[PDB]
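What the coordinates show
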Amino acid sequence: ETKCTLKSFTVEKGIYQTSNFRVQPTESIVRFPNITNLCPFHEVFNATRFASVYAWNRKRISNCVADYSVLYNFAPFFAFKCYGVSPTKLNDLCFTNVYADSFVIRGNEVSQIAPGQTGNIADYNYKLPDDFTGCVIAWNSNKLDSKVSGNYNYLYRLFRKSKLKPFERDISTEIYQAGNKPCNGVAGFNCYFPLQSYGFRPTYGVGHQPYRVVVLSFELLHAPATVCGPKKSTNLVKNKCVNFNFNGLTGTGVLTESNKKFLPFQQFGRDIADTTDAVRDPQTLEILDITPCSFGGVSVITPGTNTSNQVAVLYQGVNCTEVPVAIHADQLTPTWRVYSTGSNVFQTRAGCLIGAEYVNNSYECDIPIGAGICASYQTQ
Amino acid sequence: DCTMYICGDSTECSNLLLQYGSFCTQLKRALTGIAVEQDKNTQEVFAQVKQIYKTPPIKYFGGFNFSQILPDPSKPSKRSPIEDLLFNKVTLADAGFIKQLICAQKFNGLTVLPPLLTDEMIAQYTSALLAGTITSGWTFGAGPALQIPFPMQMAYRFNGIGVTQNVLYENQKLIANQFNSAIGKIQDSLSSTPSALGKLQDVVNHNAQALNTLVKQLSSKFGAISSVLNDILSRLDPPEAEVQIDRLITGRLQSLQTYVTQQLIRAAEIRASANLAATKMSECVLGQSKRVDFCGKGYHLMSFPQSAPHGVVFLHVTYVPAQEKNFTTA
Amino acid sequence: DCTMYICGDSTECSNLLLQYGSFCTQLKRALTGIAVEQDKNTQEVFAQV
Amino acid sequence: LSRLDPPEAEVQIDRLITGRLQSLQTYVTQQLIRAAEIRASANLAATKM
Amino acid sequence: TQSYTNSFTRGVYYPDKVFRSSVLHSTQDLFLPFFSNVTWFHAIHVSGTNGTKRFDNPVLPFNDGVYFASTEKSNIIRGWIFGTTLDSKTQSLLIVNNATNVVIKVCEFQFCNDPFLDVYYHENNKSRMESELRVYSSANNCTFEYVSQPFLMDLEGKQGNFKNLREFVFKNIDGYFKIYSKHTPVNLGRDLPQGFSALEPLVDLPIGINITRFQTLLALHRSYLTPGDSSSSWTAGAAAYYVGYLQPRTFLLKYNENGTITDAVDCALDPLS
Ligand SMILES: *[C@@H]1O[C@H](CO)[C@@H](O[C@@H]2O[C@H](CO)[C@@H](O)[C@H](O)[C@H]2NC(C)=O)[C@H](O)[C@H]1NC(C)=O
Ligand SMILES: *[C@@H]1O[C@H](CO)[C@@H](O[C@@H]2O[C@H](CO)[C@@H](O)[C@H](O)[C@H]2NC(C)=O)[C@H](O)[C@H]1NC(C)=O
Ligand SMILES: *[C@@H]1O[C@H](CO)[C@@H](O)[C@H](O)[C@H]1NC(C)=O
Ligand SMILES: *[C@@H]1O[C@H](CO)[C@@H](O)[C@H](O)[C@H]1NC(C)=O
Ligand SMILES: *[C@@H]1O[C@H](CO)[C@@H](O)[C@H](O)[C@H]1NC(C)=O
Ligand SMILES: *[C@@H]1O[C@H](CO)[C@@H](O)[C@H](O)[C@H]1NC(C)=O
Ligand SMILES: *[C@@H]1O[C@H](CO)[C@@H](O)[C@H](O)[C@H]1NC(C)=O
Ligand SMILES: *[C@@H]1O[C@H](CO)[C@@H](O)[C@H](O)[C@H]1NC(C)=O
Ligand SMILES: *[C@@H]1O[C@H](CO)[C@@H](O)[C@H](O)[C@H]1NC(C)=O
Ligand SMILES: *[C@@H]1O[C@H](CO)[C@@H](O)[C@H](O)[C@H]1NC(C)=O
Ligand SMILES: *[C@@H]1O[C@H](CO)[C@@H](O)[C@H](O)[C@H]1NC(C)=O
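Looking at the PDB entry, one finds chain D named Spike glycoprotein and attributed to Severe acute respiratory syndrome coronavirus 2.

Labelled according to the PDB entry, chain C appears under the name Spike glycoprotein, originating from Severe acute respiratory syndrome coronavirus 2.

1. Quick look at helix 6 (residues 150–159) of chain B
The set of residues buried in helix 6 of chain B consists of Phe150(B), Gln153(B), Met154(B), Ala155(B), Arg157(B) and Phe158(B). Looking at the buried side of helix 6 of chain B, the elements it contacts are helix 5 (121–135), helix 7 (165–192), helix 10 (238–285) and strand 1 (299–308) of chain B.

2. Here's the deal with the interface of chain C and chain D
How large an interface is tends to be reported as the accessible area lost when its parts come together. With 19 residues of chain C at the contact, the number on the chain D side is 20 residues. In this assembly, chain C packs against chain D so that about 1900 Å² is buried in total across both faces, 74% of it on carbon and sulfur atoms. A per-residue breakdown of the area chain C buries against chain D is headed by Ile6(C), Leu16(C) and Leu27(C), which together make up 27% of the total. Our enumeration of links across chain C and chain D arrives at one salt bridge. A salt bridge links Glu37(C) to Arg39(D), with the nearest nitrogen and oxygen atoms 2.9 Å apart. At the level of elements, helix 1 (2–6), helix 2 (11–17) and helix 3 (25–46) of chain C are the ones that each hand at least two residues to the side of chain C that touches chain D. Top contributing element to the side of chain C that touches chain D by residue count: helix 3 of chain C, with nine residues. Per-class residue counts for the side of chain C that touches chain D are 13 nonpolar, three polar and three charged.

3. Here we look at the interface of chain E and chain A
Listed as interface residues are 11 residues of chain E and, on the opposing side, 10 residues of chain A. Taken over both partners, the interface formed by chain E and chain A buries close to 1100 Å², and the fraction arising from carbon and sulfur atoms is 61%. Looking only at chain E, the three residues that lose the most surface to chain A are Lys17(E), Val18(E) and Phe19(E), adding up to 55% of its buried area. Summed over the shared surface of chain E and chain A, the result is zero salt bridges. Between the two partners, chain E and chain A, sit five residue pairs in polar contact. Along the lines of polarity and charge, the residues of the side of chain E that touches chain A split into four nonpolar, four polar and three charged.

4. Points about the packing of aromatic side chains
Under the definition given, this model contains 48 aromatic pairs over all chains. Geometrically, the ring pair formed by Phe64(B) and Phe179(B) is tilted, given 5.7 Å between the ring centres and 50° between the ring planes. Take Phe64(B) and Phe179(B): they sit in the same class, and that class is buried. Ring geometry for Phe68(E) against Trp80(E): centres 5.8 Å apart, planes inclined by 80°, an arrangement best described as edge-to-face. Of this pair, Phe68(E) sits in strand 4 (residues 66–70) while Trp80(E) sits in strand 5 (residues 79–83), and the two are 12 residues apart along the sequence. By the ring-pair criterion, three or more aromatic residues cluster together here, those being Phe62(E), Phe68(E), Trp80(E), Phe82(E), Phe168(E), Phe170(E), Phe177(E), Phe214(E) and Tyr241(E). The cationic tip of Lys99(B) hangs over the ring face of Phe107(B); the distance from NZ or CZ to the ring centre is 3.7 Å.

5. Quick look at a nonpolar patch on the surface
Residue and element names in this part refer to chain A. A cluster of nonpolar side chains, contributed by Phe-159, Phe-189 and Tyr-192, occupies part of the molecular surface with about 390 Å² of accessible area. Relative to the elements of secondary structure, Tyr-192 occurs in the loop between strand 6 (155–157) and strand 7 (195–197). Given a relative accessible area of 49%, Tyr-192 falls into the partly exposed group.

6. Here we look at unusual backbone geometry
For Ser343(A), which is not a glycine, the phi torsion comes out positive at approximately 70°. Its location among the elements puts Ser343(A) in the loop between strand 15 (312–316) and strand 16 (346–348). In this structure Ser343(A) comes out as exposed when scored by relative accessible area, which is 80%. A positive phi is found at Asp9(C), a non-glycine position, where the angle reads about 45°. If you trace the backbone, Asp9(C) turns up in the loop between helix 1 and helix 2.

7. Some remarks on the UniProt feature "disulfide bond" in chain C
Residue and element names in this part refer to chain C. In this model the UniProt disulfide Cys-2-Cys-24 is closed, its S-S distance of 2.0 Å falling under 2.5 Å. Taken together, the residues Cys-2 in helix 1 and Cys-24 in the loop between helix 2 and helix 3 connect sequence positions 22 residues apart. Comparing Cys-2 with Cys-24, the two get one shared label, buried.

8. Here's the deal with the pairing of strand 4 (residues 98–105) of chain A
All names here are of chain A. Taking burial as the measure, the eight residues of strand 4 include seven buried ones, the bulk of the element. Pairing between strand 2 (residues 57–61) and strand 4: five bridges, direction antiparallel. In the strand pairing of strand 4, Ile-61 is matched with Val-98. Relative to strand 8 (residues 211–216), strand 4 runs antiparallel, the two sharing six bridges. Paired with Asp-101 across the two strands is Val-215, which belongs to strand 8.

What counts as what
- Residues numbered from 1 in each chain as written, not as in the entry; some residues may be left out.
- Chains lettered and ligands numbered in written order.
- Part of a larger assembly, values for the part shown.
- Heavy atoms only, no water.
- Residues with missing side-chain atoms left out of burial classes, pairs and counts.
- Buried < 20%, exposed > 50% of the residue type's maximum accessible area, 1.4 Å probe, protein only.
- Helix = DSSP H or I, 4+ residues; strand = E, 2+ residues; numbered from the N terminus.
- Contact = heavy atoms within 4.5 Å.
- Buried area = accessible area lost by both parts, 1.4 Å probe.
- Salt bridge = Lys/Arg side-chain N within 4 Å of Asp/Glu carboxyl O.
- Nonpolar A, V, L, I, M, F, W, Y, C, P; charged D, E, K, R; others polar.
- Polar contact = N/O pair within 3.5 Å; in protein donor to acceptor, adjacent residues only side chain to side chain.
- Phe/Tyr/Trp six-rings, centres within 6.5 Å; stacked < 30°, edge-to-face > 60°.
- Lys NZ or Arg CZ within 6 Å of the ring centre and 35° of its normal.
- Patch = residues over 30% accessible without salt bridge, like charges linked within 9 Å, V, L, I, M, F, W, Y side chains within 5 Å.
- Areas by Shrake-Rupley, 256 points an atom, 1.4 Å probe, with all protein chains shown as cover.
- Disulfide = S-S within 2.5 Å.
- UniProt positions renumbered as here; feature names shortened; annotations may be inferred.
- Pairing = 2+ DSSP bridges.

Spelled out as structure tokens, the structure:
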């Protein structure tokens, strides 16, 4: 490596500084705060008083912690075709509003509520905008919504002047003025009622089984995030060079307990050098301290390459009890580890020296190491 | 260290830095030379003598009182009282002994190496010089040291400035009392005014101050989105973030270059001062100087060296006339 | 003076320069030190009496 | 400033500021060396006096 | 009572959430200049057992934040109205605190001005203000809602000697209304005592309203301690209600060993500073 750092095949007597070593991290921690204020979706989903298809029941959703990972087991989900957006990755998107609604439909009208669709249910009852970016979830409801005589609890509209605009409701108990004769409520000939029954029977199987269905609107635009993901946390370790992401504070280093006192509103402290020293809330709340962990430089002591090949290594500013005598793979920066790292370790005020043994004699300085310590190539 | 200081352990930053070429092998070949030069300065200044002399166990020099300059065995560090006062006076911030917080965050790629000669062998050099100049006069600067009683040496030192020996051999007692009073009062004179040890203080200050600002430049926008490299990496896409990366890296490189350039000139000035000090010790101490105002003010008699943190302190013993009378000449 | 030279009487230029850190606090101390040294030079040569 | 709009005016002013700062630094860098030489000459003059 | 007084040296708040220990950090931000002019503003509506309309509560603007100080009995100045026009499109903030919870609803109203001051509101004998709240009179247009918990709970010391002065600072940079406040009852009857005190952050919320117009609505259902005279031309007149103003300046602040601001110095007040 010394031959490599300076382009030559020969090195003369002296001390050269090749490179530096740094302990690599081992673990990652993301310490997000507590997760409260869950979003109401079971409340919307869990009900037995759903409305009719022509007058469906709405819902507003605002700042709330939403986790779309609790409804999957609660319903059978015979049909789970949502919008084209990735159904699997739904826990990583943030929106400002969630306006939703629910109703019940028939077996033959599952897909009729889609953008650009027509029909009795899709024209005079509810049409969908072309750029609609909301999900659709439906599930069979024939077990509960069925009466042996008749489940006359829901209706449907069939007659209206034109096609309804998207995101609009047309609830009104008027009488259709069929033809040129002015039917003013008589409900006689050339006159009909724009509403009809939507009862259910036990015998109605494939083709007529009611499906309870809910859709919710997305509105993704340039606005502050309101409804977001869970932002799960992890565990903590002590006295181990690890990464961290405390409330969006990227950094790395060894971690210990914190001393001193913090004001209740203050979160992370600083110093004169404009660096971060202590932070808060790894889990629950407390004060904890970060510190850069061991790194340093390596110096190679060697005589002339035309005289010998043995070398000595000086690790600058590291404690001999904590020096990497292991110099293990991955965790340690220096790739070379075939070196002995044993039976020859000396502690010096300048660092730790490995490859030479102390002597009680005293001669002139040949290759100055430092702090009054000098090394030389000698015969035993 | 470049890679640590400029780049916050980011692969992209290191890869971009590699494109700039040899702006770091050039920026290390200078500081290593500066360090070697600094190490050589003290060795060239203090280590003028070859052999380490030891003061005689007894202490009596015909009325002269050297207790304030010779080493005092009671204290563990074997330093003279004046040396101890000098050490206490100077406030040192960082010494670099496994420091790992006034001076703790400088380990941001910056390191302070320790001096070769620990500030205990310097005491031995100073003690050897003092013993040689006390018990042997100026003859140990040329060949082998030769002993000679102190009053005779003082008589010849007077003879060196055109005053015959009878003056000393008849006013020995008064001269000894005056020298004792002066050497006693020098300590209070040092203790009175704080600015006396100005120059050395500045040497401790400026560099430290410089180091401080070299860290403060890390948190600077430099015209970029933010001073946090990871923040700009995560928040903005790779394909055009290299512009911000280049801006930050060139700003930090320029900041480091300025610091190195300042260090070079400061080292040059320090070398000039050290050469002057070496000349002063070689002339005033190991001999008697006939130059005017070079060794003290007035006619020169002797000099005594003492060590101080990153510096030397000379005590000049000089001869000055007094009240006069008129006369008529031909 | 930096502000007068680099960004002559324009607030936006001074605001933009403010992002460059301490590249002017350093540029004044050097010149003040040079001035003080110049003042001391003529004093130490002549004021010997 | 008058002819342009803030977005690219920022880039142009950045170029101008970095150029002018580079031109300014050289002045003090040369002044330091010249002052050192003058100080050496002054010390020689003081010794001669 | 419109009158001017010297601001002395007050109105300093923590500008960030970081923690520092014994440093001399410098900041550039919006502040209240030292030794400036603070204006009293007073409502005088009480006389005998007869109305005697006061025509009080004049117009007051809002220029990039404001500093407010009070010596309320317990909740006399509970009413605060911040809005662009207070009539329509304003979405004016209606914040009220009466020792239990606060309302931070953001809606448009023509006003909530319906004091309905009872003729038996004389504080000495009958102060029957129990459940007398015709607040947010009707509405103009809104769809936003928001609530929070109470802010100013004056800790009564069971005496009038501890005449507490509450201090508040309001600014709305890029949204996120900030209500830095300090509860220091250390005063005893001297107006604006000399000394230093910091302000702590409580809430923040983006609303997007250009807050231009500032006003209050007192609790006129119990009125007293309202003097008045011919005060004019830079004098003092009792108001129990002070108004200052803010501007972007640069300060130098000293952090205590524990982490509390202790001293501050202006950078443009005086050549010595
Ligand atoms: C001169 O020498 C004499 C002895 O030869 C010194 O006398 C004592 O020195 C010690 C040294 O610390 C003092 O603690 C004693 O107080 C001295 N004795 C007396 C009676 O005071 C004397 O100190 C020397 N002169 C000086 C200035 O140190
Ligand atoms: C002796 O020397 C002294 C000086 O030490 C002379 O005193 C000065 O003489 C000059 C001659 O004009 C006067 O102008 C000064 O005013 C004198 N000094 C003072 C303090 O008055 C003196 O003249 C010399 N000769 C004699 C005979 O005394
Ligand atoms: C709502 O949940 C309860 C228990 O989780 C369950 O018994 C009930 O059947 C659910 N509602 C419907 C309509 O299924
Ligand atoms: C936060 O969650 C933790 C989980 O154990 C628990 O302490 C508590 O429920 C919450 N509050 C605090 C203050 O920790
Ligand atoms: C190098 O060492 C060899 C011995 O292996 C010796 O013969 C040669 O002279 C040496 N050369 C130098 C330049 O030291
Ligand atoms: C360094 O190692 C020595 C040897 O045991 C130990 O006493 C000392 O506490 C260690 N210090 C640090 C900072 O690791
Ligand atoms: C060397 O010196 C040390 C003390 O400096 C002493 O303890 C030791 O016995 C000596 N001999 C050795 C290490 O062989
Ligand atoms: C003052 O107002 C009250 C309120 O009704 C009224 O009864 C009284 O007569 C008024 N005063 C006079 C002098 O009329
Ligand atoms: C206080 O109240 C009455 C009104 O009911 C008032 O006329 C009188 O001054 C006081 N009376 C008593 C009993 O305190
Ligand atoms: C900002 O203030 C202006 C008056 O200068 C006002 O007309 C405007 O409505 C305010 N902006 C908003 C968004 O209300
Ligand atoms: C600061 O802390 C020290 C010890 O932690 C304490 O004695 C002192 O009272 C504190 N200062 C305050 C709370 O102002």
